[PDB]
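Read top to bottom, the protein sequences are chains C and E. The first sequence begins at 1 in the authors' numbering and counts up by one. The second sequence begins at 2 in the authors' numbering and counts up by one.
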Amino acid sequence: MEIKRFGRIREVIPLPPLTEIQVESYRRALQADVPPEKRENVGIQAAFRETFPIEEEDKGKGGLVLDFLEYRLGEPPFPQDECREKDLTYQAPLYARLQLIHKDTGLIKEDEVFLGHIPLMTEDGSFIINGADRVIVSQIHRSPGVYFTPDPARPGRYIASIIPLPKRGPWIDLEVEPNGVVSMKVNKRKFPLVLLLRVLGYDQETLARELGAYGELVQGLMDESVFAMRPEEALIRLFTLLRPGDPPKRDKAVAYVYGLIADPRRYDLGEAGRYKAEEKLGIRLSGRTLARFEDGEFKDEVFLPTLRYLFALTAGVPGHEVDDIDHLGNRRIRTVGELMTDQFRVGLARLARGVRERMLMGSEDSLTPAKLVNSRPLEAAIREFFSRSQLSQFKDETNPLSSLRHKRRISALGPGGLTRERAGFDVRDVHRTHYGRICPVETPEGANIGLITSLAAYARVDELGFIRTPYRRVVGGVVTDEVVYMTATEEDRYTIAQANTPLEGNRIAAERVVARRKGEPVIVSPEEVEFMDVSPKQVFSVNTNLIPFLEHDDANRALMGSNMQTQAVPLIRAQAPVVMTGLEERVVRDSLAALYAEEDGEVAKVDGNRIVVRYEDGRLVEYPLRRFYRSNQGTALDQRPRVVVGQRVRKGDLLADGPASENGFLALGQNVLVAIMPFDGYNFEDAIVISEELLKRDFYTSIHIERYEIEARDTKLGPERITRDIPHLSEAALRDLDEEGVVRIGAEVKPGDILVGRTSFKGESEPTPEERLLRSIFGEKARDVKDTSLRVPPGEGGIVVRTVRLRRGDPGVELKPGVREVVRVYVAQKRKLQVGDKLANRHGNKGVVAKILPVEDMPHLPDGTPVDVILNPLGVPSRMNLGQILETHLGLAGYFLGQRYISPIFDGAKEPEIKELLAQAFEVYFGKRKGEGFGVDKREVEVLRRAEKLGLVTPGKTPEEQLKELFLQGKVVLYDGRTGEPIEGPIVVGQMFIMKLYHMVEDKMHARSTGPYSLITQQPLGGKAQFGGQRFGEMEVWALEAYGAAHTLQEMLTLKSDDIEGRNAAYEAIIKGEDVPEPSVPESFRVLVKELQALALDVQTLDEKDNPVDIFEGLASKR
Amino acid sequence: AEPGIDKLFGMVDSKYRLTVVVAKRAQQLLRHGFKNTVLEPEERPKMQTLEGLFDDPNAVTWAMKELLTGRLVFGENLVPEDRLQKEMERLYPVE
DNA sequence: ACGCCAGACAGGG
RNA sequence: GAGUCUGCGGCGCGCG
DNA sequence: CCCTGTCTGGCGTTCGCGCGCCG
Ligand SMILES: Nc1ncnc2c1ncn2[C@@H]1O[C@H](COP(=O)(O)CP(=O)(O)OP(=O)(O)O)[C@@H](O)[C@H]1O
């Protein structure tokens, strides 16, 4: 097969490592790979020095000085797979050097203290917390600076806002309400904006004349003259304004906290925050944030500039000071690292908390080791973040692509500190700057929306969470192959142009060519074109860039497309699309699906389990292949060798294919011939058909592995033993259970068979007087033990592939308490494409299989080749996605021209070029037909008649020439197959790429007769093997209520759900074929009544005449 | 749809009354013995694994088939509440 | 965060 | 002449 | 003491289902 790529825009740089944001972040986060000597001291090391120098001086005896030397972590407790087999947490051990000083002669250094086991990152980008691989999703929020936004309700004047992160650390606001007051709020209650200026050193005279020479708001600042006449005293007066009831005397203590070290930020001195300063407001910053502690007299080059631009924003045009939040030059993205470092520093504070208490507890000098350190805080802190933080979820690995996307989708919700869920219409929208930084489509449909959205193609987090987007430089009318990842703020300063601009190389080609100043479409001249976009891909995300003609599909319907991919299930037969975008390769490779060759060499051994290659450097490595592993979602992950024995391999060539790769190509679903016409009723508006022939060759088949597990608990009634002994009825059910207790490998287990046998005790504490007579009659000597064996739950099972058993003397496993021993039973099963399933193309047409028609009578082409699937036309008019109809046309060509193609995003193939390829396919189609010996059908001509009368073929031309014309249109004549008659009117057909969507347990249906019930409420509930009842909701109630469905409504509220005595009698009755008794009171009411009785209220039922009646049959009366 | 549902609907003063009648009829059909019917002979209710519906498939399916005929009588207070169940057990055998 | 309803208290004759 | 005990609150994501 | 107005205080905000995790 051949590959022709149409769109020509010089892709200047490759797409960044999709995983680059997670990998690198965690790299800089934990600099452990390089000695402490290496300078990058952010994250771990930074947080360490941030809280390591613990200074505790006087309250009794002090002069405590504990300081950090070097942090080193290195030998993993166990390995990856070992941590998945055994429920373990893959974490490296960390213990840095520590030495505590004394005010007396002596400094004891207790070198290591293994406090905290921190998780590690896998080579791909995911973790292993407990048994399952997890993902740390990034997040967004406002960065730290000072801005001036318009007043809430009053249309009047705007107010200032100083934002200092960490959380602890004031949040200032400057608002003037002139009838007599001004308002500057730290935690809440206003004082002046001047009471603070005066403390630092700004007098009413100098302040007013310099900040207010241009404005009049200065009259609210000189207002309260009475407090403004005393300097250093206003320092103590402000302290008074805070409210606990604290000592008036505290030299420069709390003025320090909102001064130099903690609350304000240790974000790199210079570009972290000072950036948002110099450009947006105020000119200088002395010391990272408003910081100083040299003379006791503080300096604030930030507090006057915020109100200076408030006075400036509210008066005129010093510039236009209205900040569009959403401009990405403002809201920052929190990488994994940052999120772990924060919790790490939260744990450090918790440790430093308790250590300070021990500086006083320790008798004398020997207090370095255990006297100062307790691993309790750190452990729980970190652990809590990776196991219970609302941000870590199941890696979506339907197909590696799925996981990669799940990893780059941008979120708002998080710590809880940043943004909550019922607040955000301005956040949710896709801002301008989200360009090449956040997908505008990856936003999942559903309640949680807009808050989550994967990043774009070339998008890459620079140094500080500013998704910079690539933009190439263009000096004069000359465009460069040079690129600048730019901050979202900086982007507005320039006039940038699109990539579609005609270019001769470095030369712009049209005088009036498109460019966008600042979120505004602008027709610029080649002379003003300062920068140009890098490529159409950057605009969107990875998951989206996999869409063929995304240009012809409606943004909303495309979303579904991108989402659908994330739900693609791995088929044994993986086939790349007949029409691709260009990133299928990049996907599987940046993802770790396929196994690539490191260096060039030759192949030595090609096993089904390993391919030992021999590199030409004189080295040979054994590459194991993950045979069959259990994905978190239960999909199969096998690496299928694709290289034969003894083969010279190129550097970076696939040796084995990933779970869903055909040949180094991403593959989820297969390319099938498809006729786009309506059948009886099978393909409904959204519903679609399928050819039995597709099942014949395993075209739509996938593998699913499940991990059933059971434990031998320790009851005070007697240990639960695991043995081949299943106490009560047959040997026929004990065959598969070959090994004493365990099930034999390679055994076909159907629903209801014994996977594992276990024996517990019959009652709670007492035997049974009735069961005692039954046992004795036929044979008293009966193993008193009850049958509590793991059985195949309804639904299905397959063949037992693997079994795991952990007995008494555990190797290095963590057996829970009470748990004597566990027994895992992996069962696999082949799933063949059936009616219930759902499939969908990359564009948006989604649909379920309605009927598996036999090849016998489905639509077939003049030549015996029959169609695979029949898609309903109606589903494409109302819905706007002609890209699909465009994919089927080029596909048609590829079928008879035996070749694949690559149509870029907006630059790809064009209608003329396709008609061309189609012209080439006609000869292969009809040319072979001419030579093979035959011409045109009565049928083929009949359809032409109706076709000329339609307006598809120029009347007066030969059938040979007409059919060509008609073929170019993308449609060919087809016979019914059931009658052999043709289909009056040409019907398009082609090679359309369709994928199979993941069959969740929501697919595998649920039908419940009788089963469990809830403890407190007496409503039906299931879970494991008993389905669980459906909800009847008031809306449905109303439905029956509308109807005269009295009893039907009663039944639902009584006999079927809550009437404890009712259901029981109900059942028996039906068993008997009797007429169901009359409903007793529903437990829900009873539980209501009492719940209400819990509260003062007394609710009593009454008779004809206001007199009692009893709901509680008789347990309410006392004694 | 169902046999002469409109014919049936016209036979009663209110929709929901027909429903109560059929139901109460199906109830007695089973309780006093399933042979408590008024039109079994020539053309009657039937199923096909054999023609066995003649004995006990669906109760109301009969009730409707009978009410469609002009044999039964439904009123607000036709026969005294308790004396009916007594005479009914006295004349109808199956248990 | 918002929107809405209902409310209890304070200001201007 | 079989019936106990477990699955809760919350979080995340996905369907229509 | 009255009527009017203003901030204030309480509640609500689809529906059902999957899966997986956690104390
Ligand atoms: N947030 C939401 N809440 C409730 N129901 C939702 C929903 N999103 C989707 N649905 C439901 O599931 C259906 C999915 O939408 P569609 O199938 O597009 C219906 P439609 O109105 O027929 O559009 P269509 O004509 O394009 O098919 C809707 O009828 C709606 O009932």
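Don't be surprised by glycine CBs; every beta carbon is placed ideally from N, CA and C.
- Distance from the CA atom of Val792 of chain C to the CA atom of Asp590 of chain C, rounded to whole angstroms, is 39 Å.
- With fewer than 16 other CB atoms across the displayed protein chains lying within 10 angstroms of its CB, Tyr214 of chain C is exposed.
- In the DSSP assignment, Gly601 of chain C falls within the beta strand (DSSP E) that extends over 601-606.
- Secondary structure note for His102 of chain C: it is in no alpha helix (DSSP H), with a DSSP letter that is neither H nor E.
- Residues of chain E whose Cβ lies closer than 9 Å to the Cβ of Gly1062 of chain C do not exist; the shortest such Cβ separation is about 17 Å.
- Identification of residues in the segment 5-26 of chain E having a C-beta nearer than 7 Å to some C-beta of chain C yields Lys16, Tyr17, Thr20, given in sequence order.
- For the pair of segments examined, the segment 448-458 of chain C was found to touch the segment 406-416 of chain C: the number of CB pairs separated by less than 8 Å reaches three.
- Per the coordinates, the alpha-carbon of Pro912 of chain C lies some 20 Å from the alpha-carbon of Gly951 of chain C.
- Annotation: the continuous alpha helix (DSSP H) that includes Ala352 of chain C extends over 336-361.
- Cβ contact annotation for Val23 of chain C (same chain, cutoff 8 Å, sequence separation greater than five): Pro17, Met121, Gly125, in chain order.
- Residue state for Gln80 of chain C is assigned as helix, using DSSP reduced to three classes.
- Judged by DSSP in its simplified three-state form, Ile1060 of chain C adopts helix.
- Within the model, the alpha-carbon separation for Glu602 of chain C versus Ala656 of chain C is close to 15 Å.
- Chain-ordered, the chain C residues with CB closer than 7 Å to the CB of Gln28 of chain E read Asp1075.
- When distances are taken from the beta-carbon of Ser225 of chain C to the heavy atoms of ligand 1, even the shortest one reaches 7 Å or more.
- Taken in chain order, the complete beta strand (DSSP E) segments of 3 residues or longer contained in the segment 178-227 of chain C are 181-184.
- Here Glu397 of chain C is buried, its C-beta having at least 16 other C-beta atoms within 10 Å.
- Membership of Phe52 of chain C in any alpha helix (DSSP H) is not indicated, and neither H nor E is assigned to it by DSSP.
- Cβ contact annotation for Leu310 of chain C (same chain, cutoff 6 Å, sequence separation greater than five): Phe148, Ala160, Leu174, in chain order.
- At least one CB of chain C lies nearer than 8 Å to the CB of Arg32 of chain E.
- Distance from the C-beta of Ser375 of chain C to the nearest heavy atom of ligand 1 is not below 7 Å.
- If you draw a straight line from the Cα of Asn130 of chain C to the Cα of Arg707 of chain C, it is about 15 Å long.
- Of the candidates C:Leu260, C:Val1037, C:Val823, C:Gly795, C:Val823 places its Cα closest to the Cα of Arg808 of chain C.
- Nearest to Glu766 of chain C by alpha-carbon distance, out of C:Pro727, C:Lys750, C:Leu717, C:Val742, is C:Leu717.
- Listed along chain E, the residues sitting closer than 8 Å to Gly1044 of chain C by beta-carbon distance are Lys16, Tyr17, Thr20.
- Burial check for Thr443 of chain C: the Cβ neighbour count within 10 Å reaches 16 or more, so the residue is buried.
- With contacts defined by Cβ atoms closer than 8 Å, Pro93 of chain C and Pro77 of chain C form a contacting pair.
- Each of C:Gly316, C:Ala315, C:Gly329 was checked against the Cα of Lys280 of chain C, and the nearest Cα belongs to C:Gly329.
- Of the candidates C:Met564, C:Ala1066, C:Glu1068, C:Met564 places its Cα closest to the Cα of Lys996 of chain C.
- The three-state reading of DSSP puts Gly990 of chain C in strand, counting E and B together.
- For the set C:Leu966, C:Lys928, C:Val484, C:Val1076, the Cα lying nearest the Cα of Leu944 of chain C is the one of C:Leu966.
- Taking 8 Å as the upper bound for CB-CB distance, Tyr895 of chain C and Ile3 of chain C are not in contact here, some 15 Å apart.
- Annotation: the segment 883-947 of chain C contains the following complete segments of the beta strand (DSSP E) (minimum length 3 residues), in chain order: 899-902.
- Annotated as proximal: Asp1058 of chain C and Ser1084 of chain C, with beta-carbon spacing under 8 Å.
- Rounded to the nearest whole angstrom, the C-alpha separation of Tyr158 of chain C and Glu511 of chain C is 42 Å.
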